[PDB]
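Peer 1: Chains as they are written, first to last, in the deposited numbering: chain A, -2 to -1, 1 to 331; chain A', -2 to -1, 1 to 331. A prime marks a further copy of an entry chain.
Here you go, one structure.
There are 2 protein chains.
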Amino acid sequence: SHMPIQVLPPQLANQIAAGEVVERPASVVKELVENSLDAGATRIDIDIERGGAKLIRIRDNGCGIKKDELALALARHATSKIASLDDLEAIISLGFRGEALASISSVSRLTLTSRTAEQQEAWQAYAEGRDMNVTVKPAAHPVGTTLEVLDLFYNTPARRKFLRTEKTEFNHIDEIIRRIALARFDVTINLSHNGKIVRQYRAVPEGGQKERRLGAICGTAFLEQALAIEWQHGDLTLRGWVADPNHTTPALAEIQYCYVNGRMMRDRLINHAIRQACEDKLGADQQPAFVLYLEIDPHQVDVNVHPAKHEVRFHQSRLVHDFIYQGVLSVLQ
Amino acid sequence: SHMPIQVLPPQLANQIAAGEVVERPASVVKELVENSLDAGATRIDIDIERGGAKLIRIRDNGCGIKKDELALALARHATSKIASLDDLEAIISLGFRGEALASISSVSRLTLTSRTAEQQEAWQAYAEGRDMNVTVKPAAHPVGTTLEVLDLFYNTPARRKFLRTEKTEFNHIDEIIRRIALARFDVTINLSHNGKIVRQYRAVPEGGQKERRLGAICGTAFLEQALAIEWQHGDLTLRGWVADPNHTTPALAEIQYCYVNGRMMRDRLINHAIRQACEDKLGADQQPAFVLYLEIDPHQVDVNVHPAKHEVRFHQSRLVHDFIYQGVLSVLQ
Ligand SMILES: Nc1ncnc2c1ncn2[C@@H]1O[C@H](COP(=O)(O)OP(=O)(O)NP(=O)(O)O)[C@@H](O)[C@H]1O
Ligand SMILES: Nc1ncnc2c1ncn2[C@@H]1O[C@H](COP(=O)(O)OP(=O)(O)NP(=O)(O)O)[C@@H](O)[C@H]1O
Ligand SMILES: [K+]
Ligand SMILES: [K+]
Ligand SMILES: [Mg+2]
Ligand SMILES: [Mg+2]
């Protein structure tokens, strides 16, 4: 009771939020690329320097941000993705909290440059100070947006201590991009580190062959054991691949990617169903390898559970579990 | 780009935050009791009705809230617990985000009644509407505070669907209270459900015997196999009990409570160390039973990682793991 109850200073409030959303450089990459995706980008270029502790640049050919909404793009609780509870309960976009940019801006030097198709002029914006005041200035930029995040955690010393080696931090970025590249086969993605191109994922055209990117991302070993899945029932749909348990190695088991309505996830229920189907098919149990996609009515799933959207809750839990279990078991036979 | 980037309405913004902090009735109980603890309460009475979906009342004999800070107590990002980054990096209280009450108020009918020792008058406050406007009115109340949370999720229909049976929801509350009761032996805690007293934890006096409450909470079976631990090294300290692995059953293994600086936790590293020590001691591995407390310098741990403080990150990770491993292994021999 000694200290008065007081509203937290803008920057500090955002830094507390950043602790929950921004774990490491890879987290920044995840939030910004999901923004590019929501913006309708079909090409995304990611440039990283020193594992992301020095620089993280993401350029996309999305629709861009209007000049007079740049300050709003950096403001807390400000979003163009939802505007009501109904919008929230039926999420059709990766973002919805309106917090990512504000959180990241508070623990780094973040610059936003963008131009919409209706603008002849491009603009650049950034927030500063304890009050996070925004500056908007003239810039040169094509239709689309570029995010520049420099000196991550420069103003939050303690957090910077958790940063691993640059090789390690970059590996997590590479892994994040991997997961994203598998979520959207139709998006061209380029990734570089310290001025050197490391990844070049090419968009899979209309009804094109996805096996090409699948193998390029997960590996030929996976592609060889990959069993395509096509299971549906009403609004419930299951797609993707699952390796033959009998021919799955510890290495292949490192590939356990699942998506819910296109959003990368790591759900316990989903993993259990897949594991149960493989154990019941194979003699015993042993980490399965897979890249599965679950499509479900937005109203049947709650994605407002973790600040980084790391988890979800299914209304008809038992129904969903059984659906996936049956789907995988059906392909294994 | 069709919808404008717009700041979210106060209530909706809070509801999004509530989705991340308020999972179920037990979550509400957790946040409010931690508030009572931070306020210096030595006695806390918890009354629950219909699993918490109907009512959740928490009364404490803490220091209370001053009249002119009641509105602030319900406001977003407002706290008396920290006021700077230094405060954040050295957390010495359970709360620090300044969001719990605002989040809960947005998805329920929350009433706050309180009086400080310096006040002859008591006051009651609550927020309403899309803008969460606060009303403060006269009330009768002793020194301390009472929180009343009625009709949880009445205005967020979808979320209310996830509520389980009242017996189940209450069981989670009972479990939460269990974890809290073990964190603070010096606090008297009473818990009732539908007007019927269910739990009566009595405070353990100065240097009193903690075995009494330990057995009352965890059970005589645990108490019989419980091996006291006293391991220290600098600012690092390990206290509590660990059951003999050779005499631990699946039932006893349900007791895996760990605390970090008094805060209930469920850390992977901690659990691994304890499990590693037991496996290396016993012939094979098998879920250990324990109630352990880790005391560490606030600067060596990051508790600003999850909105509900469900996780932490240790700076010198390997050091901590080894400390716990050695501590437990030392007692097992
Ligand atoms: N690359 C981009 N292209 C176009 N608009 C963007 C881009 N990045 C961000 N925005 C806009 O900026 C707003 C702010 O982004 P952000 O702070 O990430 O919040 P969000 O995406 O709405 N929700 P969240 O991620 O859940 O916090 C979005 O709602 C978009 O309208
Ligand atoms: N039972 C109580 N007795 C005295 N003060 C209280 C009590 N409950 C809440 N408060 C006060 O109300 C403020 C608001 O509470 P709350 O919204 O829970 O935020 P917090 O405890 O500061 N942080 P957080 O829990 O991390 O969101 C606290 O900072 C206290 O100053
Ligand atoms: K924003
Ligand atoms: K508050
Ligand atoms: Mg976003
Ligand atoms: Mg609190």
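Ideal Cβ placement from N, Cα and C applies to all residues, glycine included.
Whole-angstrom Cβ separation of A'/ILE3 and A/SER78, contact assumed at under 8 Å?
Peer 2: Against the second sequence, residue 3 of chain A' aligns to sequence position 5. Against the first sequence, residue 78 of chain A aligns to sequence position 80. Correct: roughly 4 Å between the Cβ atoms.
Peer 1: Pull up the CB-CB distance for residue 371 of chain A and A/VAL134, whole angstroms please, since I reckon it's below 8 Å.
Peer 2: Only positions -2 to 331 of chain A appear in this structure, which leaves residue 371 of chain A out of reach.
Peer 1: Would you say the beta carbon of A/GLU222 is closer than 8 Å to some non-hydrogen atom of ligand 6?
Peer 2: The count along the first sequence starts at 1 and reaches residue 222 of chain A at position 224. Checking every heavy atom of ligand 6 against the Cβ of A/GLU222, none is found closer than 8 Å.
Peer 1: Using the beta-carbon count (16 or more within 10 Å), is A/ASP233 buried or exposed?
Peer 2: For the purposes of this step, residue 233 of chain A is taken as residue 235 along the first sequence, with counting starting at 1. By the neighbour-count rule (16 or more Cβ atoms within 10 Å), A/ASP233 is not buried but exposed.
Peer 1: Taking 8 Å as the line, does the beta carbon of A'/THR77 fall inside it for any heavy atom of ligand 4?
Peer 2: In the second sequence, the residue the question calls residue 77 of chain A' occupies position 79. For ligand 4, at least one heavy atom lies less than 8 Å from the Cβ of A'/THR77.
Peer 1: Measure the C-alpha to C-alpha separation of A'/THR166 and A/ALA219 and round it to an integer number of angstroms.
Peer 2: Within the second sequence, the letter at position 168 stands for residue 166 of chain A'. Within the first sequence, the letter at position 221 stands for residue 219 of chain A. Rounded to whole angstroms, A'/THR166 to A/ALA219 spans 46 Å at the Cα level.
Peer 1: Using a Cβ cut-off of 9 Å, which residues of the segment 156 to 168 of chain A' contact any Cβ in chain A, in chain order?
Peer 2: Flagged, chain order: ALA156, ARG157, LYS159, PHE160.
Peer 1: Quick one: complete beta strand (DSSP E) runs, 3+ long, within the segment 105 to 193 of chain A'?
Peer 2: Correct list: 107 to 113, 120 to 126, 131 to 137, 142 to 148, 186 to 191.
Peer 1: For A/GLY50 versus A/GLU146, is the C-beta distance shorter than 9 Å?
Peer 2: Taking the first sequence and counting its residues from 1, one reaches residue 50 of chain A at position 52. Taking the first sequence and counting its residues from 1, one reaches residue 146 of chain A at position 148. No; because the gap between Cβ atoms is not below 9 Å, this pair is not in contact.
Peer 1: For A'/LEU236, is the classification buried or exposed, using 16 other Cβ atoms within 10 angstroms of its Cβ as the cut-off for buried?
Peer 2: By one-based count along the second sequence, residue 236 of chain A' stands at place 238. Result: buried.
Peer 1: Taking any Cβ of chain A', which residues in the segment 297 to 314 of chain A have a Cβ under 8 Å from it, in chain order?
Peer 2: Cβ contacts with chain A' come from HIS297, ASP300, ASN302, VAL303, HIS304, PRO305, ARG311, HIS313.
Peer 1: Determine which residues of the segment 83 to 113 of chain A' have a Cβ less than 7 Å from any Cβ of chain A, and write them out in chain order.
Peer 2: So the list reads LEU83, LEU86, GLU87, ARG95, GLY96, given in the order they occur along the chain.
Peer 1: Which residues in chain A have a C-beta closer than 8 Å to the C-beta of A'/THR154? List them in chain order.
Peer 2: Residue mapping note: residue 154 of chain A' aligns to position 156 of the second sequence, counting from 1. Going along chain A in sequence order, the residues near A'/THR154 (Cβ under 8 Å) are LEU83.
Peer 1: Say the cut is 8 Å; is the CB of A/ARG95 nearer than that to a heavy atom of ligand 1?
Peer 2: Here residue 95 of chain A corresponds to residue number 97 of the first sequence, with the count starting at 1. Flag set: Cβ of A/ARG95 near ligand 1.
Peer 1: Pull out every residue of the segment 15 to 27 of chain A' whose Cβ sits closer than 7 Å to any Cβ of chain A, in chain order.
Peer 2: Flagged, chain order: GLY17, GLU18.
Peer 1: Run the proximity test for A/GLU29: is its beta-carbon closer than 8 Å to any non-hydrogen atom belonging to ligand 5?
Peer 2: Walking along the first sequence from the start, residue 29 of chain A turns up at place 31. Yes.
Peer 1: When you measure from the CB of A'/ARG74 to every non-hydrogen atom of ligand 3, does any distance come out below 8 Å?
Peer 2: Within the second sequence, residue 74 of chain A' is the residue found at index 76, counting from 1. For ligand 3, not one heavy atom lies less than 8 Å from the Cβ of A'/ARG74.
Peer 1: As a quick exercise: from A'/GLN230, A'/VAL26, A'/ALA100, A'/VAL5, pick the residue whose alpha carbon is nearest that of A/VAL5.
Peer 2: Sequence index remark: in the first sequence, residue 5 of chain A carries index 7 (1-based). Ranking A'/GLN230, A'/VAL26, A'/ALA100, A'/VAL5 by Cα distance to A/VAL5 puts A'/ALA100 first.
Peer 1: Could you tell me which residues DSSP pairs with A'/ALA39 in its beta bridges?
Peer 2: The count along the second sequence starts at 1 and reaches residue 39 of chain A' at position 41. Paired residue(s): none; A'/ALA39 is not in a bridge.
Peer 1: Where does the unbroken alpha helix (DSSP H) through A'/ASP265 begin, and where does it stop?
Peer 2: As a first step, residue 265 of chain A' is located in the second sequence; it is residue number 267 there, counting from the start. From DSSP, A'/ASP265 is part of no alpha helix (DSSP H); its letter is neither H nor E.
Peer 1: Counting only beta-carbon atoms, is A/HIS170 nearer than 9 Å to chain A'?
Peer 2: The residue given as residue 170 of chain A occupies position 172 in the first sequence. Closer than 9 Å: no.
Peer 1: Below 8 Å, is the gap between the Cβ of A/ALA71 and the nearest heavy atom of ligand 1?
Peer 2: Sequence index remark: in the first sequence, residue 71 of chain A carries index 73 (1-based). Yes, since a heavy atom of ligand 1 falls inside the 8 Å radius drawn around the Cβ of A/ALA71.
Peer 1: Would a C-beta distance cut-off of 9 Å place A/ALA115 and A/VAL132 closer than the cut-off?
Peer 2: Numbered from 1 along the first sequence, position 117 holds the residue referred to as residue 115 of chain A. Numbered from 1 along the first sequence, position 134 holds the residue referred to as residue 132 of chain A. In this structure, A/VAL132 does not lie closer than 9 Å to A/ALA115 by Cβ.
Peer 1: Given that residue 336 of chain A touches chain A', what residues does it touch there, using C-beta distances under 8 Å?
Peer 2: There is simply no residue 336 of chain A to check, as chain A begins at -2 and stops at 331 in what is shown.
Peer 1: Select from A'/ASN169, A'/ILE187, A'/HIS308, A'/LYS208 the residue whose C-alpha is nearest the C-alpha of A'/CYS256.
Peer 2: In the second sequence, residue 256 of chain A' corresponds to position 258, counting from 1. Here the closest residue by C-alpha is A'/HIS308.
Peer 1: How many angstroms separate the CA atom of A'/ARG316 from the CA atom of A'/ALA73?
Peer 2: Position 318 of the second sequence, counted from the start, is the residue given in the question as residue 316 of chain A'. Position 75 of the second sequence, counted from the start, is the residue given in the question as residue 73 of chain A'. Cα to Cα, the separation comes out at about 40 Å.
Peer 1: Does the beta-carbon distance from A/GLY17 to A'/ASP265 come in below 9 Å?
Peer 2: Start at 1 with the first residue of the first sequence, and residue 17 of chain A comes out as number 19. Start at 1 with the first residue of the second sequence, and residue 265 of chain A' comes out as number 267. In this structure, A'/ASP265 does not lie closer than 9 Å to A/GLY17 by Cβ.
Peer 1: Since A/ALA120 meets chain A', which of its residues come closer than 9 Å, beta carbon to beta carbon?
Peer 2: By one-based count along the first sequence, residue 120 of chain A stands at place 122. Correct list: empty, because the minimum Cβ distance to chain A' is about 15 Å.
Peer 1: So, helix, strand or coil for A/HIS(-1), using DSSP?
Peer 2: Residue mapping note: residue -1 of chain A aligns to position 2 of the first sequence, counting from 1. Looking at A/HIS(-1) - three-state DSSP - the assignment turns out to be coil, as it is neither helix nor strand.
Peer 1: So, at 7 Å on beta carbons, what are the nonlocal neighbours of A/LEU280 in its own chain, with the 5 sequence-adjacent residues on each side left out?
Peer 2: For the purposes of this step, residue 280 of chain A is identified with residue 282 of the first sequence, where counting begins at 1. Same-chain partners within the cutoff: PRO243, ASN244.
Peer 1: Between A/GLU126 and ligand 6, is there a pair consisting of the residue's CB and a ligand heavy atom that are separated by less than 8 Å?
Peer 2: By one-based count along the first sequence, residue 126 of chain A stands at place 128. Not so, every heavy atom of ligand 6 lies at least 8 Å from the Cβ.
Peer 1: Taking only three categories from DSSP, how would you classify A'/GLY238?
Peer 2: Residue 238 of chain A' sits at position 240 when you count from the first residue of the second sequence. Residue state, collapsed to three classes: strand.
Peer 1: From which residue to which residue does the alpha helix (DSSP H) around residue 332 of chain A' run?
Peer 2: Given that chain A' is displayed from residue -2 to residue 331, the structure contains no residue 332 of chain A' and the question cannot be resolved.
Peer 1: Check whether the segment 147 to 160 of chain A and the segment 184 to 199 of chain A are in contact - that is, three or more C-beta pairs closer than 8 Å.
Peer 2: As far as the Cβ criterion goes, the segment 147 to 160 of chain A does not touch the segment 184 to 199 of chain A, which means the pair count is below three.
Peer 1: What are the boundary residues of the beta strand (DSSP E) that includes A'/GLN254?
Peer 2: As a working note, residue 254 of chain A' is residue 256 in the second sequence. 254 to 258 is the span of the beta strand (DSSP E), which, as asked, contains A'/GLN254.
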